[PDB]
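Asks: What follows is a single structure, and I will ask about it in a moment.
Here the Cβ positions follow ideal geometry from the backbone for every residue, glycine too, while neighbour counts run over all protein chains shown. Bear in mind that the values in this text are calculations on the coordinates, not laboratory data.
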2 protein chains.
Amino acid sequence: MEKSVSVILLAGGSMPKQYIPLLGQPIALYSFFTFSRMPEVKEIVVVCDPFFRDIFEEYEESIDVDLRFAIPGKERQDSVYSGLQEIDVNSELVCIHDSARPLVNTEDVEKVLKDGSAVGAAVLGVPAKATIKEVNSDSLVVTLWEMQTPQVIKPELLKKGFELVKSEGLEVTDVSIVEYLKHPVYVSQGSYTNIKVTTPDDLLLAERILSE
Amino acid sequence: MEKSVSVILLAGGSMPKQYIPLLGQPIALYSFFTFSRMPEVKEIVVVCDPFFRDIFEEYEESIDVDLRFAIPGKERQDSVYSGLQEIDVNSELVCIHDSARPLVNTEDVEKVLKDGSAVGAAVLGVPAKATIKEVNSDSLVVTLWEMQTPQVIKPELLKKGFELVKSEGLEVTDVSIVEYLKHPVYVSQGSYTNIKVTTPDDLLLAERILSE
Ligand SMILES: Nc1ccn([C@@H]2O[C@H](COP(=O)(O)O)[C@@H](O)[C@H]2O)c(=O)n1
Ligand SMILES: Nc1ccn([C@@H]2O[C@H](COP(=O)(O)O)[C@@H](O)[C@H]2O)c(=O)n1
Ligand SMILES: [Cu+2]
Ligand SMILES: [Cu+2]
Ligand SMILES: [Cu+2]
Ligand SMILES: [Cu+2]
Ligand SMILES: [Cu+2]
Ligand SMILES: [Cu+2]
């Protein structure tokens, strides 16, 4: 199913971390070009402070997908929703991705697109290597996976989910908007290299991984 | 309560990661000297391949605690048990620590000693920053803390716990031996800098943190 996915790529709000360059180019660019090459991908909706709009339209013509823009919102979920407002009337999947993960493998995006297609919603994850416990309010201890991005959701579902949060309330992140839904979320096994970039010790890391 | 804690320090089995030097000295040394300075600490039981025994007795005399040695075992829990076999007849707390965490703050060890004293068992933790989910066998999604070390346990309890695993079975790590017990485990809030050292991007990190 070709050109069937709309990407919502999150890059909104010294140098803003998803623009700190990695080897040569700003961080938001690695993931951005990965999705641009996949035939599945019809259009990209970038979520960014206009000041950074240029970082993107400068490759609009060397790219076999449609570029699009929408403005961010106050919280991580408002931007997603602003992103959602611009996607092709007829896209079958929304693929929400966070700029600060520049190292997402094409092969893992393919898998999670397939799983979001089969299930309706999927997210890439890896088995948490730390010992994690739930702790109760008295600080006593009461198979776990670490969640990454993309999250791949059918847009009808994602919308049903926005409007169930909007009616009532609450976004914590297990909040996905789609946690609340009763519809299933599949977790596609990803790669420990799809790290998120925050500390320049990440970049130090990001770089080590581009070398390998 | 002075000289009331026995440390069981875990450093057993190119260069074995807890001996990769940090700035100048092997990794097992940072934590080792931290515990040596605390008046609470009566003795240290180091768990190591003898080949590395020297790394330790070379400071036996510049140290206001008793040094001790025991040999490692096949799995992480067997070494602990080998460690347990050498502690002062009358220590009130066992403080189990992993060599590969060289950056444990004195202040956090103090807290967790206190909490293990009050509760009977405590471990230092920090609120996991990742989105963690439980996933079931069909790869579908069904307050979380990341666990560190030291673990501070009264030795009588720790022994009760060894023998309840020994009778029946199973050590997963939520396995602490003390998970299984019905006795409470307190989680003392630690510091995100008590990282564990594996990748030299950790060391790259360990170093950044010694600088700060
Ligand atoms: N209001 C907001 C807040 C954060 N974000 C996203 O947060 C991402 C970076 O991760 P952190 O929020 O965890 O720092 C940015 O790429 C940005 O797109 C957003 O898109 N809108
Ligand atoms: N049999 C074993 C296996 C591991 N270990 C501990 O594992 C620690 C390092 O962490 P990892 O096992 O997670 O690599 C070492 O300091 C070592 O003491 C042990 O003490 N006995
Ligand atoms: Cu344009
Ligand atoms: Cu519009
Ligand atoms: Cu990080
Ligand atoms: Cu000696
Ligand atoms: Cu003995
Ligand atoms: Cu690490």
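Asks: Where residues in the range A:6-33 are among the β-branched types (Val, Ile, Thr) and over 16 Å from A:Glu58 (Cα atoms), which of them is nearest to ligand 6 (Cβ to nearest atom)?
Replies: A:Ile20
Asks: Go through (1) assigned to a helix (DSSP H, G or I); (2) surrounded by 14 or more Cβ atoms within 10 Å (Cβ to Cβ); (3) out of contact with any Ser or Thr (no Cβ under 9 Å at 6 or more places or on another chain) for A:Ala130 and report which single condition fails.
Replies: (1)
Asks: Please work out if A:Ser211 is away from ligand 8 (no atom under 16 Å from the Cβ) and either surrounded by 16 or more Cβ atoms within 10 Å (Cβ to Cβ) or within 9 Å of chain B (Cβ to nearest Cβ) (or both).
Replies: no
Asks: Also: Can you list the helices (runs of 4 or more DSSP H) found entirely within the range B:9-96 that contain at least 1 residues being under 14 Å from the mean Cα position of the chain (by Cα) and more than 26 Å from B:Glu156 (Cα to Cα)?
Replies: B:27-36
Asks: Can you tell me which residues in the range A:168-194 are within 16 Å of ligand 8 (Cβ to nearest atom) and touching a helix residue (DSSP H, G or I) at 6+ places or on another chain (Cβ under 6 Å)?
Replies: A:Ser191, A:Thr193, listed by residue number.
Asks: Conditions first: (1) within 10 Å of chain B (Cβ to nearest Cβ); (2) buried (at least 18 other Cβ atoms within 10 Å of the Cβ); (3) within 17 Å of the chain's Cα centre (by Cα). A:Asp174 passes all but one, so which condition is the exception?
Replies: (2)
Asks: Still on this structure, I have one more. Specify which of the listed residues (A:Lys17, A:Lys42) is among the basic types (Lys, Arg) and more than 30 Å from A:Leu204 (Cα to Cα).
Replies: Matching residue, one of A:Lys17, A:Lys42: A:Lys42.
Asks: To continue, here is another question. Which members of the range A:114-125 meet the condition of being surrounded by 18 or more Cβ atoms within 10 Å (Cβ to Cβ) and either farther than 30 Å from A:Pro155 by Cβ or among the aliphatic types (A, V, I, L, M) (or both)?
Replies: Listed by number, the residues that qualify are A:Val119, A:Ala121, A:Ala122, A:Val123, A:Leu124.
Asks: Pairs, please: C-beta under 6 Å, at least 6 apart or cross-chain, first residue more than 8 Å from chain A (Cβ to nearest Cβ) and within 20 Å of A:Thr199 (Cα to Cα) and in the range B:184-204, second surrounded by 15 or more Cβ atoms within 10 Å (Cβ to Cβ) and among the small types (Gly, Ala, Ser)?
Replies: Within 6 Å, the pairs are B:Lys196/B:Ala100; B:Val197/B:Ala100; B:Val197/B:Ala206.
Asks: Right, here's the next one. Could we say that B:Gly73 is in contact with a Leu (Cβ under 9 Å, 6 or more places away or on another chain), away from chain A (no Cβ under 14 Å), farther than 24 Å from B:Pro200 by Cβ and within 14 Å of ligand 2 (Cβ to nearest atom) here?
Replies: No.
Asks: Give me the residue from the range B:133-167 that is part of a helix (DSSP H, G or I) and out of contact with any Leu (no Cβ under 9 Å at 6 or more places or on another chain) and, out of that set, nearest to the other protein chains (Cβ to nearest Cβ).
Replies: It comes out as B:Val165.
Asks: Scan the range A:88-100 and give yes if some residue there is within 29 Å of A:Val172 (Cβ to Cβ), surrounded by fewer than 19 Cβ atoms within 10 Å (Cβ to Cβ) and in contact with a strand residue (DSSP E or B) (Cβ under 8 Å, 6 or more places away or on another chain), otherwise no.
Replies: yes
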